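Asks: Protein chains in written order, with the authors' numbering: chain H, 4 to 120; chain H', 4 to 120; chain B, 1 to 132; chain A, 1 to 132; chain B', 1 to 132; chain C, 1 to 132; chain C', 1 to 132; chain C'', 1 to 132. A prime marks a further copy of an entry chain.
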Amino acid sequence: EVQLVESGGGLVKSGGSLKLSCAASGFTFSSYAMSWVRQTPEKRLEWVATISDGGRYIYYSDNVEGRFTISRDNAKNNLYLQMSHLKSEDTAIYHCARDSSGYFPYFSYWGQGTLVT
Amino acid sequence: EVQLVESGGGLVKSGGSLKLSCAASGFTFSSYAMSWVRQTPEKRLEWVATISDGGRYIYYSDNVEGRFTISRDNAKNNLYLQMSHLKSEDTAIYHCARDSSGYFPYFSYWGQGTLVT
Amino acid sequence: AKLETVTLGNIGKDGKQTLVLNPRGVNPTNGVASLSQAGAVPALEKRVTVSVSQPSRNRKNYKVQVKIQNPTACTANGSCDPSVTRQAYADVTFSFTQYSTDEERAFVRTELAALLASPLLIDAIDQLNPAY
Amino acid sequence: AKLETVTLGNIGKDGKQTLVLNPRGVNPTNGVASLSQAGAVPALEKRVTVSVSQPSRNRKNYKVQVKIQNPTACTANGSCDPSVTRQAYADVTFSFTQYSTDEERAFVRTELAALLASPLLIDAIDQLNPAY
Amino acid sequence: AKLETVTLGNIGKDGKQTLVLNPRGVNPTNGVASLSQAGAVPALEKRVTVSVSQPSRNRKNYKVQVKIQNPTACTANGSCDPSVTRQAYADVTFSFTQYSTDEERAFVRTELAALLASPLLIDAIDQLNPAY
Amino acid sequence: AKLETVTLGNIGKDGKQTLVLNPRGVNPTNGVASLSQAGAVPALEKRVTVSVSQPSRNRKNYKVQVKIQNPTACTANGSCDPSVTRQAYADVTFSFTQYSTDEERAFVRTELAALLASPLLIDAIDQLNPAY
Amino acid sequence: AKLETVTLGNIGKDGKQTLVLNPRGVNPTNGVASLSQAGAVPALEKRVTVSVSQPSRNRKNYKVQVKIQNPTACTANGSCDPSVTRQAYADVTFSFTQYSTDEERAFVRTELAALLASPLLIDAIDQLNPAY
Amino acid sequence: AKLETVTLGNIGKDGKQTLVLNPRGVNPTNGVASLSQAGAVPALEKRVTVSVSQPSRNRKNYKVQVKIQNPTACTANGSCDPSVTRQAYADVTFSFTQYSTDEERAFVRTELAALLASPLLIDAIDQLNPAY
Numbered sequence: 004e005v006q007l008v009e010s011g012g013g014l015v016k017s018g019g020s021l022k023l024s025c026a027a028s029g030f031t032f033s034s035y036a037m038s039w040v041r042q043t044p045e046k047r048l049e050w051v052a053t054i055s056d057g058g059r060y061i062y063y064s065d066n067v068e069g070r071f072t073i074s075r076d077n078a079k080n081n082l083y084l085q086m087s088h089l090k091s092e093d094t095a096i097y098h099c100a101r102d103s104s105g106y107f108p109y110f111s112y113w114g115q116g117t118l119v120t
Numbered sequence: 004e005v006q007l008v009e010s011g012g013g014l015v016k017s018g019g020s021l022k023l024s025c026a027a028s029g030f031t032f033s034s035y036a037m038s039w040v041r042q043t044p045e046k047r048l049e050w051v052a053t054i055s056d057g058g059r060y061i062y063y064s065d066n067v068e069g070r071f072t073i074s075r076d077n078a079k080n081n082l083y084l085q086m087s088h089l090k091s092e093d094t095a096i097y098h099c100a101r102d103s104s105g106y107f108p109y110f111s112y113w114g115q116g117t118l119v120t
Numbered sequence: 001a002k003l004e005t006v007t008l009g010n011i012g013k014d015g016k017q018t019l020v021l022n023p024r025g026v027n028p029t030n031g032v033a034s035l036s037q038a039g040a041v042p043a044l045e046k047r048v049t050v051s052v053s054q055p056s057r058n059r060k061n062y063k064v065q066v067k068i069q070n071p072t073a074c075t076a077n078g079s080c081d082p083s084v085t086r087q088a089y090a091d092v093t094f095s096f097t098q099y100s101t102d103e104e105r106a107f108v109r110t111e112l113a114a115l116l117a118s119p120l121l122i123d124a125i126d127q128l129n130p131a132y
Numbered sequence: 001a002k003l004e005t006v007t008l009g010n011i012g013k014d015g016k017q018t019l020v021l022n023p024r025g026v027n028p029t030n031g032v033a034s035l036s037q038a039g040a041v042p043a044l045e046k047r048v049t050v051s052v053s054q055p056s057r058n059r060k061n062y063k064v065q066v067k068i069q070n071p072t073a074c075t076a077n078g079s080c081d082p083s084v085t086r087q088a089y090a091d092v093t094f095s096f097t098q099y100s101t102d103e104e105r106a107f108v109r110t111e112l113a114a115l116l117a118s119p120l121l122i123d124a125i126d127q128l129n130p131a132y
Numbered sequence: 001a002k003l004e005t006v007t008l009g010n011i012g013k014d015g016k017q018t019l020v021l022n023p024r025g026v027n028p029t030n031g032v033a034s035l036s037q038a039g040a041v042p043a044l045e046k047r048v049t050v051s052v053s054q055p056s057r058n059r060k061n062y063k064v065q066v067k068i069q070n071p072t073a074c075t076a077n078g079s080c081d082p083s084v085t086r087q088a089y090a091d092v093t094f095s096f097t098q099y100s101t102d103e104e105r106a107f108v109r110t111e112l113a114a115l116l117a118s119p120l121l122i123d124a125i126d127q128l129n130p131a132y
Numbered sequence: 001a002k003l004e005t006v007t008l009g010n011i012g013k014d015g016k017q018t019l020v021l022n023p024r025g026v027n028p029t030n031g032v033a034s035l036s037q038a039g040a041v042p043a044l045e046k047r048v049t050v051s052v053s054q055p056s057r058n059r060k061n062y063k064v065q066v067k068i069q070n071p072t073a074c075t076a077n078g079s080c081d082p083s084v085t086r087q088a089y090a091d092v093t094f095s096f097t098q099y100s101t102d103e104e105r106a107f108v109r110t111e112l113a114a115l116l117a118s119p120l121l122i123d124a125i126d127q128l129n130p131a132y
Numbered sequence: 001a002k003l004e005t006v007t008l009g010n011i012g013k014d015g016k017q018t019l020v021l022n023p024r025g026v027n028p029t030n031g032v033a034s035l036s037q038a039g040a041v042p043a044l045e046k047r048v049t050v051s052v053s054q055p056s057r058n059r060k061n062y063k064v065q066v067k068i069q070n071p072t073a074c075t076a077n078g079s080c081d082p083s084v085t086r087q088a089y090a091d092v093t094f095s096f097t098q099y100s101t102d103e104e105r106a107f108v109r110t111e112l113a114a115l116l117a118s119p120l121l122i123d124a125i126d127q128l129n130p131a132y
Numbered sequence: 001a002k003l004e005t006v007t008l009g010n011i012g013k014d015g016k017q018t019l020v021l022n023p024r025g026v027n028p029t030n031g032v033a034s035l036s037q038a039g040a041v042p043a044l045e046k047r048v049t050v051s052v053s054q055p056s057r058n059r060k061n062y063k064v065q066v067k068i069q070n071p072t073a074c075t076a077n078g079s080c081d082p083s084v085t086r087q088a089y090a091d092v093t094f095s096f097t098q099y100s101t102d103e104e105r106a107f108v109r110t111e112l113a114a115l116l117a118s119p120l121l122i123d124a125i126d127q128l129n130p131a132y
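1. Who are the neighbours of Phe30 (chain H) on chain C, taking C-beta pairs under 7 Å?
2. Of all the alpha helix (DSSP H) runs that stay within the bounds of the segment 60-116 of chain B, which reach a length of 4 or more residues?
3. In the DSSP assignment, what are the bridge partners of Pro23 (chain B)?
4. Nearest-angstrom Cα distance between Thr72 (chain B') and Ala88 (chain B')?
5. Please compile the residues from chain B' whose C-beta is within a distance smaller than 8 Å of the C-beta of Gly105 (chain H').
6. In terms of DSSP beta bridges, what is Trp50 (chain H) paired with?
7. Whose C-alpha, out of B':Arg24, B':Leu44, B':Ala40, is nearest the C-alpha of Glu4 (chain B')?
8. Assuming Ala1 (chain B) contacts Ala131 (chain A) (C-beta within less than 8 Å), just tell me the rounded distance between them.
9. Return the chain-ordered list of same chain residues with a C-beta closer than 6 Å to the C-beta of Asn80 (chain H), the five sequence neighbours on each side being excluded.
10. Leaving out the 5 sequence neighbours to the left and right, which residues in its chain are closer than 8 Å to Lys22 (chain H') when beta-carbon positions are compared?
11. Where does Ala100 (chain H') sit, in a helix, a strand or coil, going by DSSP?
12. Output the boundary residues of the alpha helix (DSSP H) element that contains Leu120 (chain A).
13. Taking the alpha-carbon of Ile11 (chain A) as reference, which of B:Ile125, B:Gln54, B:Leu115 has the nearest alpha-carbon?
14. For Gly57 (chain H), return the contacting residues in chain A, with the cut-off set at a CB-CB distance below 7 Å.
15. Identify which residue in H':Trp39, H':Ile73, H':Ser91 has its Cα closest to the Cα of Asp102 (chain H').
16. At a CB-CB cut-off below 7 Å, which residues of chain C make contact with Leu128 (chain A)?
17. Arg47 (chain C') and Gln17 (chain C'): beta carbons closer than 8 Å?
18. Quick one: which chain H residues come within Cβ less than 7 Å of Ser118 (chain A)?
19. Under 8 Å between the Cβ atoms of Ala38 (chain B') and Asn22 (chain B')?
20. Helix, strand or coil: which one does DSSP assign to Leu44 (chain B)?
21. Please identify, using Cβ separations under 7 Å, the residues of the segment 57-89 of chain B' that lie next to chain B, in order along the chain.
22. May I have the straight-line CA-CA distance separating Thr101 (chain C') from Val41 (chain A), to the nearest angstrom?
23. I need the boundaries of the beta strand (DSSP E) containing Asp76 (chain H'), first residue and last residue.
24. Does the beta-carbon of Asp123 (chain A) have 16 or more other beta-carbons within 10 angstroms, so that it is buried, or is it exposed?
25. Quick check on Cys99 (chain H): buried or exposed, where buried means 16 or more other Cβ atoms within 10 Å of its Cβ?
26. For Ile125 (chain A), which residues in chain H fall below 9 Å Cβ to Cβ?
27. When the Cα of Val8 (chain H) is compared with those of H:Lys16, H:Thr72, H:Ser24, which residue comes out closest?
28. Find the nearest neighbour of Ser79 (chain C') within the set B':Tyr99, B':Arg86, B':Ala90, B':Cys74, judged by alpha-carbon distance.
29. Does the beta carbon of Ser34 (chain H') come closer than 8 Å to any beta carbon on chain B'?
What follows is the structure in structure tokens.
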């Protein structure tokens, strides 16, 4: 079964840095594209970033692009998200999604997520 | 390569006479039609004359027809332009063009030109 | 992988057309996966097949093989339903040995995806001009 | 078109490599354009061929055919020149009839270029897993 | 010479029509140059071929050979795309020896261009009347 | 059932290793369904096959057969390719009659799966001690 | 490359003569590509041919061959046609292996092209003096 | 003339290398005069020979022949001596008649020496592209 077990999170003040991960077991990780999807405590879903198959083509959103990076490790099956500058609005759950077979994704599978502040 | 090296030019008073030429190396000269194209010092391009394959069909412009002749030598690969009466307006550069395969030309290749006054 | 909808975008001579392919199961008799379009009549569908064959006691090589079939349709005089007039096929066969690593297999996949968008190959296929 | 040099970019699994290809002239026996890698000895380089056929009394339709090969060099001990260990092949062949338009032939070329980057054909080619 | 666009003017029974022929490369298998029109469908094009053959160990003569193919198109009842109904060919073969000068070869070229515009030949080709 | 990816967990001697098997299609002649591990150089992969006799009306004996083989790689000096020193086989074959019930079959499976965790057979296989 | 018109400059004994060669098509059977000078009466023309072995995968020896022949005309009395008194041949043949590199081939070409300007070989050919 | 030391300058691919050839005596049986480069281990030297037919009264055809061969060294493991992997040959053979003049012979020599600097033959030998 497709399973995405995240890690990281915690209580970090503004201007700091983080690194999340995603376990991604149950399928060939190095074939599919990946994504980070966030959910505010106001209960609205927003998009963060996508990374392609080999890590070549990367799409960020507007409120992410200046200060976050996304990467992956196809031999350790992990899916990272380095954070910086933490401008007091990103206090989400940060789900780890599996992208659909296609040109822009529609998020077939999901994960539990890690609370950040 | 198609190359058109002109000669002639100089400072000639009105009412005189000249003869230009064109080197025309790099292709079978006796297959294509030829042309003289002038460029005024006011930076506008004008047409002078065309001569056909064997020198049979000849087209002049209006300000050229009464006093210029055009000729060619298919054994020496030259392309001439005899001038007369030099009525103070023709002070151009006189490019030597190679005509396109067709019924009226569109001037595929060009040359440096010779300043006349 | 697993058969799901392969929605392909940026298709066409201009590059604005998309195509969605809905899966139609795997044939157990020869191991050929099948994708198809969303038409009702089965003869008017654009279908894609794909199959990779293990090395048997005769062939000794792995063999990925992808096929593409695109029909076009038009109705004639005195006829009601559209028939099928043309067929534009495609047929890609890969071949690797037992000792090839996966980077050698991913080089050939991404080389062929980059040749098809190069001005030498978009002139021999769109315009039908040999490379001269 | 014209046999020029071909720089294939964003090639490979990671997508950071290049593969530059110089023309090697057509063949008067078959009419097959050929290309090879920029800087390598003969018979140890990556080859790309392409050939377009017209109708005849045999076949009533056109036929474009690309065919790439790329070896692997193993510098054995006690020898100055490398040997080849194995080849890897990919031969595409298209088939278009004489009434097919320009946007039907370009639809096939761009569908195939967009399909080779899909997780159905990633996992089928560089991993050799069939589609279930 | 070199293949470029041969835009022919003053064509037709009245003499006001033009035709532009865009080059489509040289076939290496038989040395036949090719010009064609600017259609999309390859069966609706007006094409011109031209080839001059060196004297081999059998034929002993130079041989210029020019062909012209003009199809016409019309759609029928219950049909959408236009098909091809007629073919109006032309086939000119020249033949010279090894010792012929170029003025002998240019006399035959300009004689044939002058016979085709004479009232004996514009009546046998336009009206299909034998010269009686 | 339908083949899917099988993740075997807490396998090994210490019991803290995994084995991820991907499906590899059904052999159409004999019906043997293959599984294999995603490891590069496909000459050396963990391979598991399963074979069940087909349900017919006049079949007297149903027979399940499971095979496991695991190679070990050896980067020999003077060769760019790893080779297979040796294998490690396993051959499980069940046998039932057409009047056997579900609990009689499930008892044999869970008995064999509990003998292989018993200290009689973790000592008859791992240490090669015959029982006496 | 593709055949074009070749203008050889400062050729001759004094070094102030030209030789303009036009292309004359590829012989389809053996692949020999011809060049010839635009001179009337085509029995007497400066003729240059070039022949390269085709790039194959299993070819062991690559071989370039260049031939030059120049006739001299003689207007004999009692004949309207000039005849050929004699020829003047030249036969350059290279030979390489499939592991040779670009600089090893370019060194042999520029060496032969610099021996023919050296006073050893402008005296062994022009004056027919054997070296002793 | 008499053999002397020949210094070939600006030879090579880039055109900034030399080749100093010393004389090596006339072979008394066939008249072939040798030149060789001062390099140690005389199994591997740049070697150039020249051969001219002797001026006799009743000789009908004069024939100049030039040969070049260049070996490449390979310090194989387990041997104290370098060996020859491969050669690189060149074979120039002229042919004249007894009524040929000095300018007819000097035209062929300076033509062949100017074709080898032309971009037709720096591409037919260095890159092994057949002209088409």
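All residues carry an ideal CB built from backbone N, CA and C; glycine is no exception.
Replies: So, from the listed chains and residues:
1. Identification of chain C residues near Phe30 (chain H) by a Cβ-Cβ cut-off of 7 Å yields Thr5, ordered along the chain.
2. Counting only runs of 4+ residues, the alpha helix (DSSP H) found wholly inside the segment 60-116 of chain B occupies 102-115, in chain order.
3. Partner(s): B:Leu35.
4. Linking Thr72 (chain B') to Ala88 (chain B') through their CA atoms gives a straight-line distance of about 8 Å.
5. Residues of chain B' whose Cβ lies closer than 8 Å to the Cβ of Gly105 (chain H') are, in chain order, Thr5, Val6, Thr7, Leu8, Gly9.
6. Residue pairing by DSSP places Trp50 (chain H) opposite H:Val40 in a beta bridge.
7. Comparing alpha-carbon positions, the option among B':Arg24, B':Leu44, B':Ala40 lying closest to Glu4 (chain B') turns out to be B':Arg24.
8. About 6 Å separates the two Cβ atoms, so the contact holds.
9. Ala27, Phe32, listed in sequence order.
10. Closer than 8 Å at the Cβ level, and outside the excluded window around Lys22 (chain H'), lie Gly11, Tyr83, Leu84, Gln85, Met86.
11. Residue state, collapsed to three classes: strand.
12. First-last of the alpha helix (DSSP H) with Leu120 (chain A): 119-125.
13. Looking at the Cα atoms, B:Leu115 is the closest of the given residues.
14. Within 7 Å Cβ-Cβ: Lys13, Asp14, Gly15.
15. Residue nearest to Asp102 (chain H') within the set H':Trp39, H':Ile73, H':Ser91 is H':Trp39 (criterion: CA-CA distance).
16. Those within 7 Å of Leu128 (chain A) in chain C are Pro42.
17. Taking a C-beta distance under 8 Å as the contact criterion, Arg47 (chain C') and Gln17 (chain C') do not qualify as a contact pair.
18. By Cβ distance, chain H contributes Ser104.
19. When the beta-carbon positions are compared, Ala38 (chain B') and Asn22 (chain B') come within less than 8 Å of each other.
20. Helix, per DSSP.
21. Those residues of the segment 57-89 of chain B' that come within reach of chain B (Cβ to Cβ, closer than 7 Å) are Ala76, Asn77, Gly78, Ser79, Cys80, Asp81.
22. Straight-line Cα distance between these residues: approximately 5 Å.
23. Bounds of the beta strand (DSSP E) holding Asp76 (chain H') are 72-76.
24. By the neighbour-count rule (16 or more Cβ atoms within 10 Å), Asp123 (chain A) is buried.
25. It counts as buried.
26. Among the residues of chain H, none has a CB under 9 Å from the CB of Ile125 (chain A); the nearest is roughly 10 Å distant.
27. It is H:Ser24.
28. The candidate whose alpha carbon is nearest that of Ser79 (chain C') is B':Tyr99.
29. It does; some Cβ of chain B' falls within 8 Å.
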